[PDB]
Amino acid sequence: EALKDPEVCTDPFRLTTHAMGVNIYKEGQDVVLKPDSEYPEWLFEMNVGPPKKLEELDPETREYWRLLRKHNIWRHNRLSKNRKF
RNA sequence: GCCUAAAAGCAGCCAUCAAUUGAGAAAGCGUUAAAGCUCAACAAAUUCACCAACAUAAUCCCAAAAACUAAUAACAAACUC
Ligand SMILES: [Mg+2]
Ligand SMILES: [Mg+2]
Ligand SMILES: [Mg+2]
Ligand SMILES: [Mg+2]
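Residues numbered from 1 in each chain as written, not as in the entry; some residues may be left out. Chains lettered and ligands numbered in written order. Part of a larger assembly, values for the part shown. Heavy atoms only, no water. Residues with missing side-chain atoms left out of burial classes, pairs and counts.

For this deposition, the record names cryo-EM as the technique by which the model was determined and cites 3.0 Å as its resolution.

Dropping the structure here:
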């Protein structure tokens, strides 16, 4: 009762060559890495780092108000920490 | 994600990102651990809503009573006329 024993057989090479965890069935057939001429641009056109900020988003789009609602929930949780019930 | 017999939002430590118009890797109950009951977010309305209240002694309680007819009243000394 643990995880799969197969984990990075040749870590310096195989992991760069392709991903082995995508194959789920017992029949071992690993998929090719599909070089950069296959995936579309939206894969690289997304933030792959730290998220944005409320003092950086513009108050005319929806993600700004989404982050503001998240911060409002956080503030309510911080304030309601003294629930004596 | 680690630790742990188990740590599923909730012994704990670190991150706290991600779709939906909209729901915190979760602010409180609950389970050994789950489950389950709530809170905050949308859609449904919108009275006001922050703190303030706390026992008793011994012979027998201790004037009786009275919320509205006009009050800078009146009655009241060895004071003063
Ligand atoms: Mg959203
Ligand atoms: Mg609610
Ligand atoms: Mg008593
Ligand atoms: Mg007199």
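### Remarks on the overall build of chain A
Rules: The helix count covers DSSP runs of H or I at least four residues long, the strand count covers runs of E at least two residues long, and both are numbered beginning at the N terminus. Here the globule rule is a power law, 2.2 Å times the number of residues to the power 0.38, and the radius of gyration is based on C-alpha atoms.
Of the regular secondary structure elements, chain A holds 2 helices and 0 strands. The C-alpha radius of gyration computed for chain A amounts to 22 Å, which surpasses the reference 12 Å derived for 85 residues by more than 25%, pointing to a less compact arrangement than a globule.

### Regarding the side chain of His18
How we decide: By the criterion applied in these results, polar contacts are pairs of N or O atoms within 3.5 Å in which, for protein atoms, one can donate a hydrogen and the other can accept it, and in which residues neighboring in sequence qualify only through two side-chain atoms. Only heavy atoms enter the contact rule, under which two residues are in contact if any of them lie within 4.5 Å.
Tracing the backbone through its elements, the reader meets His18 in the loop between α1 (14–17) and α2 (62–79). Engagement of the side chain of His18 in a polar contact is seen with the side chain of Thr17, the distance being 3.2 Å. Beyond its immediate sequence surroundings of up to four residues, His18 is in contact with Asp30, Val31, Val32 and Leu33.

### Focus on the UniProt feature "binding site: Mg(2+)" (unreviewed entry) in chain A
Note the threshold: UniProt positions are given in the numbering used here, feature names are shortened, and annotations may be inferred rather than shown by experiment.
Here the UniProt-annotated "binding site: Mg(2+)" (unreviewed entry) positions come out as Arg66. Within the element layout of this structure, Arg66 appears in helix α2.

### Quick look at unusual backbone geometry
Unusually for a residue other than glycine, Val8 sits at a positive phi of about 60°. Mapping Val8 onto the fold places it in the segment before α1. Its identity is not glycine, yet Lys34 carries a phi of approximately 55°, on the positive side. Following the sequence through the fold, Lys34 ends up in the loop between α1 and α2.

### Some thoughts on the pattern of salt bridges
Filter applied, for reference: Definition used for salt bridges: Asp or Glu carboxyl oxygen within 4 Å of a side-chain nitrogen of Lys or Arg.
Here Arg14 and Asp30 are joined by a salt bridge, their closest N and O atoms 3.4 Å apart. Of the two residues, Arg14 is situated in helix α1 and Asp30 in the loop between α1 and α2; the sequence distance between them amounts to 16 residues.

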